[PDB]
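Below is input.csv, which holds CSV, C-alpha atoms and all ligand atoms.
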chain,number,residue,atom,x,y,z
A,34,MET,CA,69.8,94.5,87.2
A,35,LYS,CA,71.2,96.5,90.1
A,36,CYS,CA,74.9,97.4,90.0
A,37,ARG,CA,77.2,99.0,92.5
A,38,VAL,CA,80.3,101.1,91.5
A,39,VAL,CA,82.8,102.1,94.2
A,40,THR,CA,85.3,104.8,93.5
A,41,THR,CA,88.0,105.0,96.2
A,42,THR,CA,90.4,107.9,96.8
A,43,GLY,CA,92.6,108.9,99.6
A,44,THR,CA,96.0,108.0,101.1
A,45,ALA,CA,97.8,105.4,103.2
A,46,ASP,CA,100.2,106.4,106.0
A,47,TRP,CA,103.0,103.8,106.2
A,48,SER,CA,106.5,104.7,107.4
A,49,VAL,CA,107.8,101.2,106.4
A,50,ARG,CA,109.8,101.0,109.7
A,51,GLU,CA,110.9,103.9,111.8
A,52,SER,CA,114.1,102.2,113.1
A,53,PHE,CA,115.0,101.3,109.5
A,54,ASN,CA,114.8,105.0,108.4
A,55,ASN,CA,116.7,106.0,111.5
A,56,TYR,CA,119.5,103.5,110.6
A,57,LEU,CA,119.5,104.2,106.9
A,58,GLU,CA,119.8,108.0,107.2
A,59,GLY,CA,122.2,107.6,110.2
A,60,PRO,CA,126.0,107.2,110.6
A,61,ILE,CA,126.1,103.4,110.2
A,62,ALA,CA,124.7,103.3,106.7
A,63,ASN,CA,125.6,106.9,105.6
A,64,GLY,CA,128.4,108.2,107.9
A,65,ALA,CA,132.2,108.6,108.0
A,66,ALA,CA,133.0,105.2,106.8
A,67,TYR,CA,131.7,106.1,103.3
A,68,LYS,CA,132.9,108.7,100.8
A,69,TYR,CA,129.6,108.9,99.0
A,70,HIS,CA,126.3,109.0,100.8
A,71,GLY,CA,122.8,108.1,99.8
A,72,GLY,CA,119.5,108.5,101.7
A,73,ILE,CA,115.8,108.4,100.8
A,74,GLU,CA,114.1,109.6,97.6
A,75,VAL,CA,110.4,109.5,97.0
A,76,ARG,CA,108.4,109.6,93.7
A,77,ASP,CA,105.1,109.2,91.9
A,78,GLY,CA,102.9,110.8,94.5
A,79,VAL,CA,104.5,109.8,97.8
A,80,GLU,CA,104.7,112.7,100.2
A,81,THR,CA,107.2,112.6,103.1
A,82,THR,CA,108.0,114.7,106.1
A,83,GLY,CA,110.7,114.4,108.8
A,84,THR,CA,113.9,112.3,108.8
A,85,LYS,CA,115.1,109.2,110.7
A,86,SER,CA,112.7,107.9,113.3
A,87,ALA,CA,110.4,110.9,112.7
A,88,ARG,CA,110.1,110.3,108.9
A,89,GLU,CA,106.6,109.6,107.6
A,90,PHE,CA,105.4,108.6,104.2
A,91,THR,CA,101.9,109.0,102.7
A,92,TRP,CA,101.1,106.9,99.6
A,93,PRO,CA,98.4,108.0,97.2
A,94,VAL,CA,95.4,105.7,96.6
A,95,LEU,CA,94.8,104.9,92.9
A,96,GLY,CA,91.5,103.0,93.5
A,97,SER,CA,90.0,99.9,94.8
A,98,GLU,CA,88.7,96.6,93.6
A,99,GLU,CA,86.9,93.8,95.4
A,100,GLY,CA,89.3,92.9,98.3
A,101,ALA,CA,92.1,95.4,97.5
A,102,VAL,CA,93.1,99.0,97.8
A,103,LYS,CA,95.7,99.9,95.1
A,104,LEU,CA,98.4,102.5,96.0
A,105,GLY,CA,100.9,104.3,93.8
A,106,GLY,CA,104.2,105.8,94.6
A,107,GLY,CA,107.8,104.8,95.1
A,108,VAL,CA,110.5,105.1,97.8
A,109,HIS,CA,114.2,104.4,97.2
A,110,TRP,CA,116.7,103.9,100.1
A,111,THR,CA,120.5,103.8,99.5
A,112,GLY,CA,123.4,103.3,101.9
A,113,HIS,CA,126.8,101.6,102.4
A,114,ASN,CA,128.4,102.9,99.3
A,115,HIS,CA,131.3,100.7,98.3
A,116,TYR,CA,132.9,103.1,95.9
A,117,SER,CA,135.7,105.5,97.0
A,118,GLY,CA,137.1,106.8,93.7
A,119,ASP,CA,136.8,110.3,92.4
A,120,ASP,CA,134.2,109.7,89.7
A,121,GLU,CA,130.9,110.6,91.3
A,122,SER,CA,129.0,109.2,88.3
A,123,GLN,CA,130.0,105.7,89.6
A,124,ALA,CA,128.5,106.2,93.1
A,125,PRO,CA,124.8,105.4,92.1
A,126,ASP,CA,125.9,101.9,91.0
A,127,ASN,CA,127.8,101.0,94.2
A,128,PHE,CA,125.4,101.2,97.2
A,129,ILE,CA,125.5,97.9,99.0
A,130,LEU,CA,122.1,98.6,100.5
A,131,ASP,CA,119.9,99.6,97.6
A,132,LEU,CA,116.2,99.1,98.2
A,133,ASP,CA,113.1,100.3,96.3
A,134,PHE,CA,109.4,99.8,97.2
A,135,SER,CA,106.7,100.9,94.8
A,136,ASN,CA,103.0,100.5,94.0
A,137,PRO,CA,101.9,98.9,97.3
A,138,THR,CA,98.6,97.1,97.3
A,139,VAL,CA,96.6,96.3,100.5
A,140,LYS,CA,94.7,93.1,100.0
A,141,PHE,CA,92.0,92.5,102.6
A,142,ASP,CA,89.4,90.1,103.8
A,143,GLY,CA,87.5,91.4,106.9
A,144,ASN,CA,90.1,92.5,109.4
A,145,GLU,CA,93.0,90.6,107.9
A,146,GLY,CA,95.1,91.7,105.0
A,147,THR,CA,98.4,91.4,103.0
A,148,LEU,CA,100.7,94.2,101.9
A,149,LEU,CA,101.9,93.5,98.4
A,150,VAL,CA,104.7,95.6,96.9
A,151,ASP,CA,106.9,95.9,93.8
A,152,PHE,CA,110.5,95.6,95.2
A,153,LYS,CA,114.0,95.8,93.9
A,154,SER,CA,116.6,95.2,96.6
A,155,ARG,CA,120.3,94.1,96.6
A,156,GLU,CA,120.8,90.8,98.4
A,157,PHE,CA,122.9,91.0,101.5
A,158,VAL,CA,125.9,88.8,100.8
A,159,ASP,CA,128.6,90.5,103.0
A,160,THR,CA,129.9,93.9,103.8
A,161,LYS,CA,132.3,94.1,100.9
A,162,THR,CA,130.0,93.0,98.0
A,163,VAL,CA,127.6,95.1,95.8
A,164,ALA,CA,125.3,92.2,95.2
A,165,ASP,CA,122.7,91.7,92.4
A,166,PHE,CA,119.2,93.0,92.8
A,167,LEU,CA,116.4,90.7,94.0
A,168,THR,CA,113.1,91.8,92.4
A,169,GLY,CA,109.4,91.0,92.7
A,170,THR,CA,106.2,92.4,91.3
A,171,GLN,CA,103.3,92.6,93.9
A,172,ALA,CA,105.2,90.4,96.2
A,173,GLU,CA,103.8,89.7,99.7
A,174,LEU,CA,106.0,91.8,102.0
A,175,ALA,CA,103.8,91.7,105.2
A,176,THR,CA,100.7,90.3,106.7
A,177,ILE,CA,98.2,92.8,108.3
A,178,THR,CA,95.7,92.8,111.1
A,179,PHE,CA,93.3,95.7,111.1
A,180,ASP,CA,91.5,97.3,114.1
A,181,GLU,CA,88.2,96.7,112.3
A,182,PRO,CA,87.0,94.9,109.2
A,183,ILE,CA,87.5,96.8,105.9
A,184,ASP,CA,84.1,97.8,104.4
A,185,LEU,CA,84.5,99.9,101.3
A,186,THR,CA,80.8,100.6,101.1
A,187,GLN,CA,81.3,103.0,104.0
A,188,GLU,CA,81.9,106.5,102.7
A,189,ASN,CA,84.7,107.5,105.1
A,190,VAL,CA,87.1,104.9,106.4
A,191,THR,CA,90.1,105.5,108.7
A,192,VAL,CA,91.4,102.1,109.8
A,193,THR,CA,94.9,101.1,111.1
A,194,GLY,CA,96.6,97.7,110.7
A,195,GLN,CA,99.6,96.2,112.4
A,196,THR,CA,102.1,94.6,109.9
A,197,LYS,CA,104.5,91.6,110.2
A,198,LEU,CA,107.2,90.7,107.8
A,199,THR,CA,106.7,87.6,105.7
A,200,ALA,CA,109.3,85.0,104.8
A,201,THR,CA,109.6,86.7,101.4
A,202,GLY,CA,110.2,90.0,103.1
A,203,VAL,CA,113.0,88.6,105.2
A,204,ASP,CA,115.3,88.4,102.1
A,205,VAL,CA,114.2,91.8,100.8
A,206,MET,CA,115.4,93.4,104.1
A,207,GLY,CA,118.9,91.8,104.0
A,208,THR,CA,117.9,89.0,106.5
A,209,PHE,CA,118.4,91.6,109.3
A,210,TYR,CA,114.8,91.1,110.5
A,211,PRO,CA,113.3,87.6,111.3
A,212,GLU,CA,110.1,86.3,109.8
A,213,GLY,CA,107.2,87.8,111.8
A,214,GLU,CA,109.1,91.0,112.6
A,215,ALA,CA,106.7,93.9,113.2
A,216,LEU,CA,107.0,96.7,110.6
A,217,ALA,CA,105.4,100.1,110.7
A,218,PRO,CA,101.6,100.2,111.1
A,219,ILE,CA,99.6,101.2,108.0
A,220,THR,CA,96.7,103.6,108.2
A,221,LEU,CA,94.1,103.8,105.4
A,222,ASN,CA,92.4,107.2,105.0
A,223,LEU,CA,89.8,106.4,102.3
A,224,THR,CA,86.8,108.1,100.7
A,225,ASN,CA,84.5,105.6,99.0
A,226,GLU,CA,82.0,107.0,96.5
A,227,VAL,CA,79.3,104.3,96.2
A,228,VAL,CA,76.9,104.6,93.2
A,229,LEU,CA,74.0,102.3,92.6
A,230,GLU,CA,72.8,101.9,89.0
A,231,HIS,CA,69.8,100.1,87.6
A,232,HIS,CA,71.4,99.2,84.3
A,301,LIG,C1,128.2,96.9,104.0
A,301,LIG,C2,127.0,96.4,104.2
A,301,LIG,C3,126.2,96.6,105.5
A,301,LIG,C4,126.7,97.0,106.7
A,301,LIG,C5,128.1,97.3,107.2
A,301,LIG,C6,125.5,97.0,107.6
A,301,LIG,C7,125.5,97.3,108.9
A,301,LIG,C8,124.5,97.3,109.8
A,301,LIG,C9,124.5,97.4,111.2
A,301,LIG,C10,125.8,97.6,112.1
A,301,LIG,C11,123.2,97.3,111.7
A,301,LIG,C12,122.7,97.4,113.1
A,301,LIG,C13,122.4,98.8,113.5
A,301,LIG,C14,121.6,98.9,114.8
A,301,LIG,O1,121.1,97.8,115.2
A,301,LIG,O2,121.4,100.0,115.3
A,301,LIG,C15,122.4,97.2,110.5
A,301,LIG,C16,121.0,97.0,110.6
A,301,LIG,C17,120.1,96.8,109.5
A,301,LIG,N1,120.5,96.6,108.2
A,301,LIG,FE1,122.4,96.8,107.4
A,301,LIG,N2,124.4,96.7,106.8
A,301,LIG,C18,124.8,96.4,105.5
A,301,LIG,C19,124.0,96.0,104.5
A,301,LIG,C20,122.6,95.9,104.5
A,301,LIG,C21,121.7,95.5,103.4
A,301,LIG,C22,122.2,95.3,102.0
A,301,LIG,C23,120.4,95.6,103.8
A,301,LIG,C24,119.3,95.3,102.9
A,301,LIG,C25,118.1,96.0,103.1
A,301,LIG,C26,120.4,95.9,105.3
A,301,LIG,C27,119.3,96.0,106.1
A,301,LIG,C28,119.4,96.3,107.5
A,301,LIG,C29,118.3,96.3,108.3
A,301,LIG,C30,116.8,96.0,107.9
A,301,LIG,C31,118.7,96.6,109.6
A,301,LIG,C32,117.8,96.8,110.9
A,301,LIG,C33,117.5,98.3,111.0
A,301,LIG,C34,116.6,98.5,112.2
A,301,LIG,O3,117.1,98.3,113.4
A,301,LIG,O4,115.4,98.8,112.0
A,301,LIG,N3,121.7,96.1,105.7
A,301,LIG,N4,123.2,97.1,109.3
A,302,CA,CA,78.4,111.9,102.0
A,303,CA,CA,89.2,104.1,112.9

How does the structure come out when it is put into structure tokens?
Amino acid sequence: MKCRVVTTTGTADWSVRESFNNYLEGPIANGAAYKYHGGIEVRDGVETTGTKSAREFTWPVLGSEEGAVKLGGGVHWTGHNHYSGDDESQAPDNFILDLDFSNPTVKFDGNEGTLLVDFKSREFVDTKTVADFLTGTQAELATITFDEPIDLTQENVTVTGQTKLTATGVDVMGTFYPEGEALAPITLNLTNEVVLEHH
């Protein structure tokens, strides 16, 4: 028989949302109202440059399967720290806004797709509550429309998609965005090594 093996490498450029990074690193979430400040930490292969509205993230491609590009990496945002004592080891447990996205997956079919993410985010209850984390594994955070159909049999792919928050994503982001809210666009920078085997 004739078999096709596709090995996909590369990165995805996805800032999540510029105005969210601007707010989180700014004086509302991490200014003079709070004794302890948080910010943004990245891990597991994410690269980042800039701060606030200029911040960018690149996420490493782990590989592909039929209809999906699997990314690695994690980003953690923290703000609105509710703790004002003198024990700094308490601060990490007291950020009212405490959001983590990791291992995004881009599912696709032609020029449509879905952005899946592992998430851990405190629920927004009110401004005086450190609420319990909401969590999800490969949850649908956004829908995607690409500027061309995704074809992983092409060796070099650079394609950008617009993203819109899902109903699931509404609760992840504290209900501050409505369903359908635009998020940052996602660019896939892929190299697809296609090997045909008679085997
Ligand atoms: C003490 C608790 C909180 C306070 C006082 C607070 C305050 C604010 C304020 C005043 C804004 C509007 C800023 C602007 O429009 O320029 C805002 C925006 C926002 N907040 Fe928070 N917030 C809190 C908790 C949270 C939580 C837990 C989340 C969960 C992710 C969250 C997510 C957001 C988002 C997504 C926006 C929109 C940012 C944008 O414009 O892109 N907030 N918050
Ligand atoms: Ca070539
Ligand atoms: Ca292109």

> With all atoms listed in the file as the atoms that count, which of A:132, A:185, A:200, A:192 lies nearest to ligand LIG 301 (chain A)?
Replying inline: A:132

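Shortest separation to ligand LIG 301 (chain A) among A:81, A:44, A:199, A:114 occurs at residue A:114, atoms counted being all atoms listed in the file.
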
> Near stretch 127-129 of chain A, within 7 Å and counting all atoms listed in the file, which residues show up once chain neighbours fewer than 6 positions away are dropped, as a list in words?
Replying inline: residues 111, 112, 113, 114, 115, 116, 155, 162, 163 and 164 of chain A

>> To check your reading of the model: which residues sit at most 10 Å from ligand LIG 301 (chain A) when counting only C-alpha atoms and all ligand atoms? Write the answer as a ChimeraX atom specification.
In response: /A:49-57,59-62,66-67,86,110-115,128-133,154-164,166,202-211,216

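If you measure from each of A:75, A:228, A:94, A:34 to ligand CA 302 (chain A) using only C-alpha atoms and all ligand atoms, the closest one turns out to be A:228.
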
>> For a test of reading the model, state the distance in Å between atom CA of residue A:63 and atom CA of residue A:135, rounded to one decimal.
In response: 22.6 Å

>> Using all atoms listed in the file, which residues have at least one atom no more than 9 Å from ligand CA 302 (chain A)? Output them as a count of residues only.
In response: 3

> ligand CA 303 (chain A): which residues are within 8 Å, counting all atoms listed in the file, as a ChimeraX atom specification?
Replying inline: /A:180-181,190-193

> Using only C-alpha atoms, which residues sit within 6 Å of stretch 36-42 of chain A once same-chain residues fewer than 3 positions away are excluded, as number ranges by chain?
Replying inline: A: 94, 96-97, 223-230

>> To one decimal place in Å, what is the distance between atom CA of residue A:45 and atom CA of residue A:218?
In response: 10.2 Å

>> Considering all atoms listed in the file, can you say which of A:121, A:99, A:126, A:151 comes closest to residue A:69?
In response: A:121

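Of the residues under consideration (A:186, A:195, A:123, A:168), A:195 shows the shortest atom-to-atom contact distance to residue A:147 when counting all atoms listed in the file.
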
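For the pair atom CA of residue A:170 and atom CA of residue A:124, the interatomic distance is 26.3 Å.
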
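The shortest atom-to-atom distance to residue A:221, with only C-alpha atoms taken into account, belongs to A:93 out of A:106, A:169, A:93, A:143.
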
Enclose stretch 77-89 of chain A, meaning all of its atoms listed in the file, in a box aligned along x, y and z, pad it by 6 Å on each side, and list the centre and edge lengths in Å to one decimal, as lines of an AutoDock Vina configuration file.
center_x = 109.0
center_y = 111.3
center_z = 102.6
size_x = 24.2
size_y = 18.8
size_z = 33.4

Once N, CA and C atoms are restored for stretch 111-147 of chain A, what would the output be as a compact mmCIF listing (two decimals), in the coordinates of the input?
# COMPACT_ATOMS: atom_id res chain seq x y z
N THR A 111 119.15 104.23 99.90
CA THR A 111 120.50 103.80 99.50
C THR A 111 121.48 104.12 100.61
N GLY A 112 122.35 103.15 100.88
CA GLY A 112 123.40 103.30 101.90
C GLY A 112 124.57 102.36 101.65
N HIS A 113 125.60 102.49 102.50
CA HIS A 113 126.80 101.60 102.40
C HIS A 113 127.41 101.63 101.05
N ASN A 114 127.78 102.81 100.60
CA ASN A 114 128.40 102.90 99.30
C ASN A 114 129.82 102.40 99.25
N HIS A 115 130.05 101.41 98.40
CA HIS A 115 131.30 100.70 98.30
C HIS A 115 132.38 101.38 97.51
N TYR A 116 132.03 102.48 96.85
CA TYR A 116 132.90 103.10 95.90
C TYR A 116 133.66 104.29 96.54
N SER A 117 135.00 104.36 96.38
CA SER A 117 135.70 105.50 97.00
C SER A 117 136.64 106.18 96.04
N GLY A 118 136.42 106.00 94.74
CA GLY A 118 137.10 106.80 93.70
C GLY A 118 136.60 108.19 93.63
N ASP A 119 137.07 108.90 92.59
CA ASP A 119 136.80 110.30 92.40
C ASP A 119 135.76 110.59 91.35
N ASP A 120 135.21 109.53 90.73
CA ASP A 120 134.20 109.70 89.70
C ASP A 120 132.82 109.57 90.29
N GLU A 121 132.20 110.72 90.54
CA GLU A 121 130.90 110.60 91.30
C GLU A 121 129.83 109.97 90.44
N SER A 122 130.00 109.84 89.13
CA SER A 122 129.00 109.20 88.30
C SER A 122 128.96 107.65 88.59
N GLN A 123 130.01 107.10 89.20
CA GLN A 123 130.00 105.70 89.60
C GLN A 123 129.17 105.46 90.88
N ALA A 124 129.08 106.44 91.77
CA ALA A 124 128.50 106.20 93.10
C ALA A 124 127.08 105.55 92.99
N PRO A 125 126.18 105.92 92.07
CA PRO A 125 124.80 105.40 92.10
C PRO A 125 124.79 103.86 91.91
N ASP A 126 125.82 103.30 91.29
CA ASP A 126 125.90 101.90 91.00
C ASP A 126 126.58 101.07 92.11
N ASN A 127 126.94 101.72 93.23
CA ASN A 127 127.80 101.00 94.20
C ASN A 127 127.24 101.06 95.63
N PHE A 128 125.94 101.30 95.83
CA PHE A 128 125.40 101.20 97.20
C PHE A 128 125.13 99.75 97.53
N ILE A 129 125.79 99.28 98.57
CA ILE A 129 125.50 97.90 99.00
C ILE A 129 124.11 97.66 99.41
N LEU A 130 123.53 98.63 100.12
CA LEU A 130 122.10 98.60 100.50
C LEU A 130 121.42 99.49 99.45
N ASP A 131 120.55 98.87 98.64
CA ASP A 131 119.90 99.60 97.60
C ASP A 131 118.50 99.01 97.42
N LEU A 132 117.51 99.66 97.98
CA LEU A 132 116.20 99.10 98.20
C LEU A 132 115.10 100.03 97.64
N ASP A 133 114.14 99.49 96.90
CA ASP A 133 113.10 100.30 96.30
C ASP A 133 111.77 99.60 96.52
N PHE A 134 110.76 100.28 97.09
CA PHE A 134 109.40 99.80 97.20
C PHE A 134 108.49 100.65 96.36
N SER A 135 107.60 100.04 95.57
CA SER A 135 106.70 100.90 94.80
C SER A 135 105.36 100.22 94.60
N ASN A 136 104.34 101.02 94.27
CA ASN A 136 103.00 100.50 94.00
C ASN A 136 102.45 99.50 95.05
N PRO A 137 102.43 99.84 96.32
CA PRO A 137 101.90 98.90 97.30
C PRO A 137 100.40 98.65 97.08
N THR A 138 100.00 97.42 97.37
CA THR A 138 98.60 97.10 97.30
C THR A 138 98.21 96.48 98.67
N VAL A 139 97.07 96.91 99.22
CA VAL A 139 96.60 96.30 100.50
C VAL A 139 95.44 95.35 100.09
N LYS A 140 95.71 94.05 100.15
CA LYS A 140 94.70 93.10 100.00
C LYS A 140 94.00 92.87 101.32
N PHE A 141 92.68 92.67 101.33
CA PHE A 141 92.00 92.50 102.60
C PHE A 141 90.86 91.55 102.51
N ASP A 142 90.54 90.98 103.66
CA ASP A 142 89.40 90.10 103.80
C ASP A 142 88.95 90.32 105.29
N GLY A 143 87.92 91.15 105.50
CA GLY A 143 87.50 91.40 106.90
C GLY A 143 88.58 92.23 107.54
N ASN A 144 89.06 91.78 108.71
CA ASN A 144 90.10 92.50 109.40
C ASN A 144 91.49 91.97 109.22
N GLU A 145 91.66 91.12 108.19
CA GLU A 145 93.00 90.60 107.90
C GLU A 145 93.40 91.14 106.51
N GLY A 146 94.71 91.30 106.31
CA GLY A 146 95.10 91.70 105.00
C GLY A 146 96.57 91.31 104.71
N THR A 147 97.01 91.69 103.51
CA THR A 147 98.40 91.40 103.00
C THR A 147 98.84 92.63 102.33
